[PDB]
Amino acid sequence: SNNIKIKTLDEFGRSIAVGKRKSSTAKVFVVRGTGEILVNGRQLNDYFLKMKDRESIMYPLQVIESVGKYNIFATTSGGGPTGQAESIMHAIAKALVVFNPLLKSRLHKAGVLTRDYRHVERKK
Amino acid sequence: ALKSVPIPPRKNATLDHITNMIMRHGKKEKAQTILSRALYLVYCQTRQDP
Amino acid sequence: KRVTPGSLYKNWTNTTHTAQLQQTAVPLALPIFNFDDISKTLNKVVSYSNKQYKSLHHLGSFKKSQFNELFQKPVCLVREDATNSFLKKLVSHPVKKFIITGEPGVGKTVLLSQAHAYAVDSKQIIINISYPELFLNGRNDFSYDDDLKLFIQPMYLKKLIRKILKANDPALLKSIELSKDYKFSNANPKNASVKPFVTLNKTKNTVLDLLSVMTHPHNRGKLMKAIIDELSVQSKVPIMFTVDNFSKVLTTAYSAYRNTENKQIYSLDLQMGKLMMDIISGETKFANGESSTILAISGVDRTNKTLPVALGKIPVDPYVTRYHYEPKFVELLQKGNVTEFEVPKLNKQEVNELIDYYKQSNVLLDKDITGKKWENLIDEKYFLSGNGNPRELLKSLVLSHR
Amino acid sequence: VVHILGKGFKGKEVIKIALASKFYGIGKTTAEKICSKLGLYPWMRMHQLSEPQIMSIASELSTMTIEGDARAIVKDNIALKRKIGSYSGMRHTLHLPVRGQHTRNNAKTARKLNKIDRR
RNA sequence: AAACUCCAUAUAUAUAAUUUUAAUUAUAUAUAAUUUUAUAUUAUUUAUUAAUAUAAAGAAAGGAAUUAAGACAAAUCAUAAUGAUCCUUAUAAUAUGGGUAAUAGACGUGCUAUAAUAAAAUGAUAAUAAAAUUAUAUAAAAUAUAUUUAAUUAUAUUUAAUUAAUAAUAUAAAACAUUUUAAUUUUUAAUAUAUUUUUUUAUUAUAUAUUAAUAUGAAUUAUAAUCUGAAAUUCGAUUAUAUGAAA
Ligand SMILES: Nc1ncnc2c1ncn2[C@@H]1O[C@H](COP(=O)(O)OP(=O)(O)OP(=O)(O)O)[C@@H](O)[C@H]1O
Ligand SMILES: [K+]
Ligand SMILES: [K+]
Ligand SMILES: [K+]
Ligand SMILES: [K+]
Ligand SMILES: [K+]
Ligand SMILES: [K+]
Ligand SMILES: [K+]
Ligand SMILES: [K+]
Ligand SMILES: [K+]
Ligand SMILES: [Mg+2]
Ligand SMILES: [Mg+2]
Ligand SMILES: [Mg+2]
Ligand SMILES: [Mg+2]
Ligand SMILES: [Mg+2]
Ligand SMILES: [Mg+2]
Ligand SMILES: [Mg+2]
Ligand SMILES: [Mg+2]
Ligand SMILES: [Mg+2]
């Protein structure tokens, strides 16, 4: 038989997904809201100083034009600012598919559902 | 509603190319700051889109 | 020379501040700031009045790195949760001693500028210390006064006294007749060699005359003590004493100045430090009951346990080293009953108003106006600004070319 | 130009930095103590000094071991090494490194400067 | 041979009484791709086709190992081992000290630097890592001195915890913000001035030399102190004050 069980929102209406980039990992909680984001309990502008990192986090929501329709509670650890910001980006994209599985094709086409494989390679 | 909306562009190709040419040693943030500050000064003297 | 009369030779932050780049901005007609009619300007972008702009420029209310050059003159959003809330407490609270806090770039300086604008309208005398670092960095002269037992800073005091004279209405200053007779040494280059001293008799001369006394650098500390005493004894005019970037004072207990034993001088051994903390602690009491003391912190300064403990946000930890905890400042702040007012972040509706003003000012890029729905822009800029930070909002709009 | 004990200084030069730059034997720490002792504020510049203050600097500088006196102490310590016949003294005489440096390569600065009558 | 593999990656199951906590993890087992399908175009050996694009599905994009033959009679008798030949009161063995660190020139490989798209300070409810190490140990916090309120840095005193998913080495750093920065009169100061006030403008003073070495650079050298060791002279490391070369 198959090993895939339909993903569904939890008891509090939250979609939980994990993402990885380089050495970083991110676990995000997406719920329907008004665009409030918290990264490790801190404001987005506090945790991520680079605007390009903030723009990466927003991109999946910008693809489905739902930037003001969800509250994101992102928790990230490991690597640096870029790995964490893009790991959160990847995790938000995977968590948005539960709210509307018809938008998976658009998320895949934008490239936010593809796990970036590049990592530091020991010189050979 | 989304079927007829083009996927928004991840980045500007020209600005990204200019930024990487300015950048050295992987210090992209400094390169982006220099370009953004320069383009901010162009807007403040021409009052057009830099 | 390599530098021509109009060449932009400074760095970017100073060029934007000093290069007069607002000249090309488009004149817009905005309502005027008036707290007595806030109902008509609440949640709307307003310019200041002509009388307020003149006073606030002389006080140093507007600072560099505030994107003021984008607009013809500096503008402010009259907010309900920040501007209206704070100004109502200032008019009602009996103590009227506040310290404005909040995350870096949240708008603490703009709030203080709106309190200065209110004071100008409400016929008050404003004493502002915009950049306390100037009397703590050791870049101006200092001298020890035996009669005051304090280190006076003549160069700094000369600038401060002129700011108090040029920023405040002469009529208010003239109304305050002097309570004591004062004698100073004459430094006026016209009659200095004819008149050894200049006398200010009581009930005849005013505080306006006192602020125009040209004295020698060694007697300028005694002139600052007279001005403060005269303003603290009179009950006619309320005195609003303000200090921006007060976090610098709390975190720099020892100035860069060194005494004759090569020992750094404690900040409370300077007249500026002693005077500032005497007004905050309550040692210097003002007769008028509408006098206030509004302090504001800045995110450019380091943080430590001093301010949080003084505000009651954390318990006192006695084993914290003095470099991260100054118990003397905590005692002074708690003796003055200073209360905290945290500036809240912007809500999405306030972001909408600011972005609608920016569109009319022609400061928005073409990628945010053409092919983008207005609702999408507001949602995106509210997300990219950290859910309300005004400074991150402006940067996302005018300083993000990626 | 401000002249202190013969040395000439450009007006804009910071006093604490200028003193440690033109006077042999005075470094950053020593210069700061002189300025602190004379009541000069940390970032005061030479053009600001008055003639009474220029004389005060010369007085404090004349009560220290600087210039010839300081240079003589080094020349006399080096001469003592040669007089006692220590290995280090011979290195100074031969214009060779005196602190264990290899000589198969490099050793160019020791060749130009190592000498009994060291500058 | 290639593949079949192993690693990485994605997913599933199992394990943890979720205080050895990182469950955003650990590591056992299993699955997955050497991707697949549809359509148009251009070529073809024109058909059940390749090159292309377009659409759809997908996390899927990278690596290692994987053996046969020959040559240079290429390196190694100094990792150890073998034959021949030579030494056997010495070409074997031990101790003390010295040398391998010498210095004309030359060569290879590195480090640091020659300033403003770049260096220096400061950033305590402490921005953000990974992989390793600790019974022939890793050493916390505190205190004392350099040394100044304190911090920082170095060492001493003392020796908490941990022989470890537990405690320690160890608050990563750059980043980012503020301040500062010679050449540079592009500065600073004294007056006056301003609706640029951390700032503008005006008038005076602010040097001379100068193709040049500064508040760049840190070689060389003096003195004092410290660390390891039984021992730091030839010939070790660190710190402070002073010295400040070439570039
Ligand atoms: N009410 C407002 N209306 C318009 N602009 C505002 C308002 N409040 C803040 N801003 C803008 O936000 C930016 C930051 O404002 P401000 O300097 O007052 O912040 P701050 O918290 O005092 O900053 P810091 O922590 O650096 O001292 C500026 O560009 C300012 O013009
Ligand atoms: K010197
Ligand atoms: K040697
Ligand atoms: K060599
Ligand atoms: K856990
Ligand atoms: K040896
Ligand atoms: K540099
Ligand atoms: K770390
Ligand atoms: K030099
Ligand atoms: K030795
Ligand atoms: Mg501020
Ligand atoms: Mg050979
Ligand atoms: Mg050798
Ligand atoms: Mg941390
Ligand atoms: Mg310790
Ligand atoms: Mg840190
Ligand atoms: Mg740093
Ligand atoms: Mg240097
Ligand atoms: Mg040269």
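Letters A, B, ... mirror the listed sequences (proteins, then strands); counts begin at 1. Only this structure's heavy atoms are used, side chains among them; waters, hydrogens and symmetry mates stay out.
- Stacking of C:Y53 onto the six-membered ring of E:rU195 is not present when judged by under 5.5 angstrom between centres and under 30° between planes.
- Using a 30° and 60° split on the angle between ring planes, C:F62 and C:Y48 fall in the perpendicular class, above 60°.
- Side chain D:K12 to base E:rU206: no donor-acceptor pair is found below 3.5 Å.
- When distances run from any side-chain atom of D:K81 to the nucleotides E:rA222, E:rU199, E:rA150, the shortest one goes to E:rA222.
- With a 6.0 Å radius and a threshold of 12 heavy atoms from other residues, nucleotides or ligands, D:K115 has its NZ atom at or below the threshold.
- Contact of A:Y117 with E:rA8 (side chain to base): a donor-acceptor pair of N or O atoms is detected under 3.5 Å.
- In this model, a side-chain donor or acceptor of D:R118 finds a partner on the base of E:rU220 within 3.5 Å.
- Anti is the conformation of E:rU185, whose glycosidic angle sits further than 90° from 0.
- Here A:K94 reaches the OP1 or OP2 of E:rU11: one of its side-chain N or O atoms lies under 4.0 Å away.
- The CG-P distance, from A:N2 to E:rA12, rounds to 10 Å in whole Å.
- Between A:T76 and E:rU128 there is no side-chain N or O to OP1 or OP2 distance below 4.0 Å.
- The shortest distance between the side-chain N/O atoms of C:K1 and the OP1/OP2 oxygens of E:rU186 is below 4.0 Å.
- For the OP1/OP2 pair of E:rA121 and a distance below 4.0 Å, the side-chain nitrogens and oxygens of D:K28 include no atom meeting the criterion.
- Taking 3.5 Å as the limit, the base of E:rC176 and the side chain of A:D46 contain no donor-acceptor pair of atoms between them.
- Dashed line: the shortest gap from a side-chain N or O of C:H324 to OP1 or OP2 of E:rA150 is not under 4.0 Å.
- Stacking status of E:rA124 with E:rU125: not stacked, per the base-ring test of centres under 5.5 Å and planes under 30°.
- Side-chain atoms of C:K73 come within donor-acceptor range of the base of E:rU195, with a qualifying N/O pair under 3.5 Å.
- In this model, the phosphate group of E:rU197 is not approached by any side-chain N or O of C:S130 to a distance below 4.0 Å at OP1 or OP2.
- Following rounding to the nearest Å, C:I32 (CD1) and E:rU195 (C1') show an atom-to-atom distance of 14 Å.
- Here D:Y87 does not pack flat against the base of E:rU233, since the 5.5 angstrom centre distance and 30 degree tilt limits are not both met.
- Between the side chain of C:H17 and the base of E:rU196, no donor-acceptor pair under 3.5 Å is found.
- Interface remark: the A:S77 side chain does form a donor-acceptor pair with the E:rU24 base, using a distance-only criterion of under 3.5 Å.
- Remark: the C:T109 side chain and the C:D244 side chain contain an N/O donor-acceptor pair separated by less than 3.5 Å.
- Nucleotides E:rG99 and E:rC235 place their P atoms 7 Å apart, quoted to the nearest Å.
- Residues D:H3 and D:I54 approach most closely at O-CG2, 3.8 Å, considering heavy atoms.
- Checking the phosphate oxygens (OP1, OP2) of E:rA192, no side-chain nitrogen or oxygen of C:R162 falls inside 4.0 Å.
- No donor-acceptor contact under 3.5 angstrom links the side chains of D:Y24 and D:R119, judged on distance only.
- Between the CZ atom of D:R119 and the P atom of E:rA219 there is a distance of 17 Å, rounded to whole Å.
- Between the CZ atom of C:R391 and the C1' atom of E:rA177 there is a distance of 8 Å, rounded to whole Å.
- Between the base of E:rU196 and the side chain of C:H57 there is no donor-acceptor pair shorter than 3.5 Å.
- Scanning atom types as modelled, no donor and acceptor separated by under 3.5 angstrom connect the side chain of C:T18 and the base of E:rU200.
- In this structure, A:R115 places its CZ atom 16 Å from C1' of E:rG58, rounding to the nearest Å.
- Side-chain atoms of D:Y24 lie closest to E:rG244 of the nucleotides E:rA222, E:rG244, E:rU178.
- Residue C:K305 places a side-chain atom within donor-acceptor reach of the base of E:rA124, judged by atom type and a 3.5 Å distance cut-off alone.
- At E:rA175, none of the side-chain N or O atoms of A:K50 fall inside 4.0 Å of OP1 or OP2 (strictly under the cut-off).
- Distances shown here put a side-chain N or O of D:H92 below 4.0 Å from the OP1 or OP2 atom of E:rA222.
- Judged by ring centres closer than 5.5 Å and planes tilted by less than 30°, the bases of E:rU211 and E:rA212 are stacked on each other.
- No N or O donor and acceptor, one from the side chain of D:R111 and one from the base of E:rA245, sit under 3.5 Å apart.
- Taking only side-chain nitrogens and oxygens, C:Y325 never comes nearer than 4.0 Å to OP1 or OP2 of E:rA150.
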